[PDB]
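*Asks:* Coordinates in protein-v9.cif, mmCIF, C-alpha atoms and all ligand atoms, are listed below.
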```cif
data_start
loop_
_atom_site.label_atom_id
_atom_site.label_comp_id
_atom_site.auth_asym_id
_atom_site.auth_seq_id
_atom_site.Cartn_x
_atom_site.Cartn_y
_atom_site.Cartn_z
CA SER H 1 203.33 101.79 94.56
CA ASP H 2 203.92 98.13 95.33
CA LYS H 3 204.88 98.90 98.93
CA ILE H 4 202.19 101.50 99.64
CA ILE H 5 198.99 100.57 101.43
CA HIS H 6 195.93 101.94 99.67
CA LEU H 7 193.56 103.31 102.34
CA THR H 8 189.92 104.33 102.31
CA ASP H 9 187.34 105.41 104.88
CA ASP H 10 186.44 101.71 105.13
CA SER H 11 189.93 100.29 105.64
CA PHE H 12 191.49 103.06 107.77
CA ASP H 13 190.53 101.57 111.13
CA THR H 14 191.98 98.13 110.42
CA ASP H 15 194.99 99.23 108.40
CA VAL H 16 196.07 102.19 110.54
CA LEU H 17 194.29 102.42 113.88
CA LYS H 18 194.64 98.70 114.66
CA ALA H 19 198.10 98.36 113.13
CA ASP H 20 200.99 97.72 115.50
CA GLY H 21 204.06 99.87 114.84
CA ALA H 22 204.62 102.96 112.71
CA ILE H 23 202.56 103.98 109.71
CA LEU H 24 203.17 107.04 107.58
CA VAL H 25 199.99 108.18 105.83
CA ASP H 26 200.15 110.45 102.78
CA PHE H 27 197.01 112.55 102.29
CA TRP H 28 196.95 113.46 98.60
CA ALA H 29 194.83 114.05 95.47
CA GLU H 30 195.46 113.98 91.73
CA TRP H 31 195.21 117.77 91.41
CA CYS H 32 198.03 118.28 93.90
CA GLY H 33 201.27 118.92 92.03
CA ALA H 34 203.53 118.72 95.06
CA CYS H 35 201.98 115.34 95.86
CA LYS H 36 203.70 113.86 92.76
CA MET H 37 207.28 114.25 94.05
CA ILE H 38 206.14 113.15 97.50
CA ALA H 39 204.92 109.90 95.94
CA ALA H 40 208.29 109.25 94.28
CA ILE H 41 210.13 109.89 97.55
CA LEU H 42 207.66 107.70 99.42
CA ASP H 43 208.32 104.73 97.15
CA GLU H 44 212.00 104.94 98.12
CA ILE H 45 211.21 105.42 101.81
CA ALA H 46 208.79 102.47 101.77
CA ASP H 47 211.52 100.29 100.29
CA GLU H 48 214.34 101.56 102.52
CA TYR H 49 212.32 101.39 105.73
CA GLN H 50 210.67 97.98 105.16
CA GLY H 51 210.15 96.20 108.47
CA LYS H 52 210.38 99.45 110.44
CA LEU H 53 207.77 101.68 108.77
CA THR H 54 204.68 101.09 106.67
CA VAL H 55 203.73 103.75 104.14
CA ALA H 56 200.13 104.35 103.08
CA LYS H 57 198.05 106.73 100.94
CA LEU H 58 194.63 108.26 101.50
CA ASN H 59 193.09 110.16 98.58
CA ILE H 60 191.20 113.08 100.10
CA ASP H 61 188.83 113.56 97.15
CA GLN H 62 187.63 109.98 97.48
CA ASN H 63 187.72 109.76 101.27
CA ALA H 64 186.59 113.14 102.52
CA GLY H 65 185.36 111.65 105.80
CA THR H 66 188.83 110.49 106.84
CA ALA H 67 190.34 113.80 105.73
CA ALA H 68 187.80 115.67 107.88
CA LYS H 69 188.38 113.40 110.89
CA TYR H 70 192.09 114.24 110.91
CA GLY H 71 191.58 117.94 110.23
CA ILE H 72 193.40 117.89 106.90
CA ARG H 73 193.52 121.45 105.57
CA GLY H 74 195.86 121.22 102.62
CA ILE H 75 197.86 118.60 100.79
CA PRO H 76 200.30 116.99 100.80
CA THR H 77 199.98 116.23 104.48
CA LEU H 78 201.85 113.36 106.11
CA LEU H 79 200.48 111.83 109.31
CA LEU H 80 202.72 109.49 111.29
CA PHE H 81 200.80 107.02 113.44
CA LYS H 82 202.32 104.82 116.09
CA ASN H 83 200.18 102.04 117.47
CA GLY H 84 197.05 103.72 116.14
CA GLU H 85 197.66 107.21 117.54
CA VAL H 86 198.94 110.31 115.75
CA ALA H 87 202.61 110.78 116.65
CA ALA H 88 203.48 113.61 114.25
CA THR H 89 202.34 115.51 111.18
CA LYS H 90 204.04 117.42 108.40
CA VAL H 91 202.04 119.71 106.11
CA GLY H 92 203.49 120.57 102.72
CA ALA H 93 206.25 119.27 100.47
CA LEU H 94 209.67 118.36 101.84
CA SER H 95 212.82 116.72 100.55
CA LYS H 96 213.78 113.09 101.08
CA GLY H 97 216.45 114.17 103.56
CA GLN H 98 213.94 116.30 105.44
CA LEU H 99 211.53 113.37 105.58
CA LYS H 100 214.26 111.15 107.00
CA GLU H 101 214.88 113.86 109.63
CA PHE H 102 211.16 114.03 110.41
CA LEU H 103 211.06 110.26 110.91
CA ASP H 104 214.20 110.19 113.07
CA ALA H 105 212.74 112.91 115.29
CA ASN H 106 209.93 110.50 116.14
CA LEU H 107 212.08 107.59 117.33
CA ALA H 108 211.31 106.64 120.94
CU CU H 201 205.87 100.27 94.46
#
```
The structure given in the file should be rewritten as structure tokens.
Ligand SMILES: [Cu+2]
*Replies:*
Amino acid sequence: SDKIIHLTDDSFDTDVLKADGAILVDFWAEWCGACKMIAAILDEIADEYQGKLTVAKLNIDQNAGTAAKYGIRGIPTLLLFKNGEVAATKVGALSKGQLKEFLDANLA
């Protein structure tokens, strides 16, 4: 958790939309079982990709406005932003290897 940005409706603009570079945002909630493994994988990704990718979390129960703005329909959902714009999304659980594939697919 030490390398994960904690986002809210009130910090999303500054921390994501105005952030230079790539940010991977995990839309989650406590009641989401699949979200638990995603979190464990994301800690490793955040560590391994330091300097190249920032990882962040947005709790959809607590920040329904942001969830609505991005059309979140189910969780987990990962949104990859580059320079403040959505570059890719992945809905539903995936393995660490699949996530690394998903990220590689988005390299310019
Ligand atoms: Cu940590």
*Asks:* Within 6 Å of ligand CU 201 (chain H), which residues show up when you count all atoms listed in the file? List them as a list in words, please.
*Replies:*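 Written in the requested form, the residues are residues 1, 2, 3 and 43 of chain H.
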*Asks:* From (186.5, 100.9, 100.4), in the file's coordinates, out to 12 Å: which residues are reached, counting all atoms listed in the file? Answer as a PyMOL selection string.
*Replies:* chain H and resi 6-15+58-59+62-63+66
*Asks:* Find the residue from H:49, H:80, H:101, H:95 that sits nearest to residue 25 of chain H; use all atoms listed in the file when measuring.
*Replies:*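 That would be H:80, the residue with the smallest distance to residue 25 of chain H.
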*Asks:* Of the candidates H:86, H:19, H:73, H:94, which one gets nearest to residue 36 of chain H if we count all atoms listed in the file?
*Replies:* H:94
*Asks:* Please provide the set of residues having any atom within 8 Å of residue 29 of chain H, restricted to all atoms listed in the file, with same-chain residues fewer than 2 positions apart removed, written as a list in words.
*Replies:*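 Everything that qualifies: residues 27, 31, 32, 35, 59, 60, 61 and 75 of chain H.
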*Asks:* For a cut-off of 12 Å around (213.3, 101.7, 97.4), file coordinates, pick out all residues using only C-alpha atoms and list them as a VMD selection string.
*Replies:* chain H and resid 1 to 4 39 to 50 55 96
*Asks:* H:52, H:65, H:89, H:83: which is nearest residue 26 of chain H, counting all atoms listed in the file?
*Replies:*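 Ranking H:52, H:65, H:89, H:83 by distance to residue 26 of chain H, first place goes to H:89.
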